[PDB]
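Just the one chain here, the form deposited in one PDB entry, laid out as structure tokens.
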């Protein structure tokens, strides 16, 4: 029970084309090949509601022009941009947005597992819609995009979600206790608690018989239910490494040993990851 995926691709290199055709050989994928920018435009504006994912070679003649016209006509669909333009090393993935904010970037040699990248493009578009097109704007603002009616993106997304989404049950984490929603006092409090917990983890990490799994669980629970960005976990790890580095300096010990706790970090993050992963329904 998985929907067909309507893929349209603007490609003018035969090698790239065949790479795509091979990767997307599964019956699930329906491929439209466009061999020129004008032909791509002609297909898009006449098949506006029949394109699930665009695959666009960035080096193709009049790329920015074609993309800009696409954005102006309101053809903003999930997309994979292959390579870059002949000045910024064409074979390699681009370092900035060319079409829109949910686009994926692939080098010409990262195409063998295209099914998974198509999954990623679709999902990311579904997550970010309405998407900031880096070709419709443009220096104006606005509030700061629009036509307010050009949010047919929403509609597209909705359509897509009927075919590529599925409902499932999740635990109602209280958004008021999310880190990003905490007032200063609470924020500071959670910060200190998480520091204390992580310090327990570090102190007992290399000790035998210490119930490591329990301390780690204690930290990870707070990280998960307060919806803490992984970077903040990293941040805590380093604040602790600083505390210990000062303690070691003062006591005349080498701080090199701190490198070992990189293994702790991995561990913790691993756990956090698996908590999110195993929480995905079905």
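What we label the rigid core is the largest C-alpha set whose atoms superpose within 1.5 Å from one form to the other. Numbering follows the first chain given and starts at 1.
Colleague: Which has the higher mean CA temperature factor in the PDB entry, 155 to 163 or 134 to 142?
Modeller: In the deposited entry, the stretch with the higher C-alpha B-factor mean is 134 to 142.
Colleague: Pick between 194 to 202 and 101 to 109: the one whose mean CA B-factor in the entry is higher.
Modeller: It is 101 to 109 that shows the higher mean C-alpha B-factor.
Colleague: Could you tell me which one of 174, 119, 148, 186 shows the highest CA temperature factor in the PDB record?
Modeller: Within the set 174, 119, 148, 186, 148 shows the top C-alpha B-factor.
Colleague: For the C-alpha B-factor as written in the entry, point me to the maximum among 38, 227, 217, 239.
Modeller: It is 38.
Colleague: Sorting the chain's modelled residues by C-alpha B-factor, tell me whether residue 178 ends up in the lowest, middle or highest third.
Modeller: Lowest third.
Colleague: Taking the chain's C-alpha temperature factors as the reference, tell me which third residue 114 falls into: lowest, middle or highest.
Modeller: Within its chain, residue 114 is a lowest-third residue by C-alpha B-factor, going by the deposited values.
Colleague: C-alpha B factor of residue 81, ranked within the chain: lowest, middle or highest third?
Modeller: Tercile = lowest for this residue's CA B-factor.
Colleague: Is the Cα B-factor recorded for residue 54 in the lowest, middle or highest third of its chain?
Modeller: Its C-alpha B-factor belongs to the lowest third of this chain's values.
Colleague: Lowest, middle or highest third of the chain for the C-alpha temperature factor of residue 69?
Modeller: As the PDB entry reports it, the C-alpha B-factor of residue 69 lands in the highest third of its chain.
The form deposited in another entry exists for this protein as well; it is not shown, and the discussion that follows is about that form.
Colleague: Which residue, chosen from 98, 202, 179, 160, moves its CA by 2 Å or more between this form and the one not shown under a rigid core superposition?
Modeller: After core superposition, the one over threshold is 179.
Colleague: Honestly, after the rigid core fit, is residue 150 moving at least 2 Å at Cα between this form and the one not shown?
Modeller: Yes, because once the rigid core is superposed, the C-alpha of residue 150 moves 2 Å or more between this form and the one not shown.
Colleague: Superposing on the rigid core, I want to see if residue 109 changes position between this form and the one not shown - specifically a Cα shift of 2 Å or more.
Modeller: No.
Colleague: Align both forms on the core first, then report whether residue 119 has a C-alpha shift of 2 Å or more between this form and the one not shown.
Modeller: Where the cores coincide, residue 119 shows only a C-alpha shift between this form and the one not shown that is less than 2 Å.
Colleague: If the C-alpha spacing of residue 150 and residue 40 moves by 3 Å or more in the other form, is that a move closer or farther apart?
Modeller: More distant in the other form, by 3 Å or more.
Colleague: Classify the change in Cα distance between residue 86 and residue 99 in the other form as closer or farther, relative to the shown form (magnitude of 3 Å or more).
Modeller: Residue 86 and residue 99 sit closer together in the other form.
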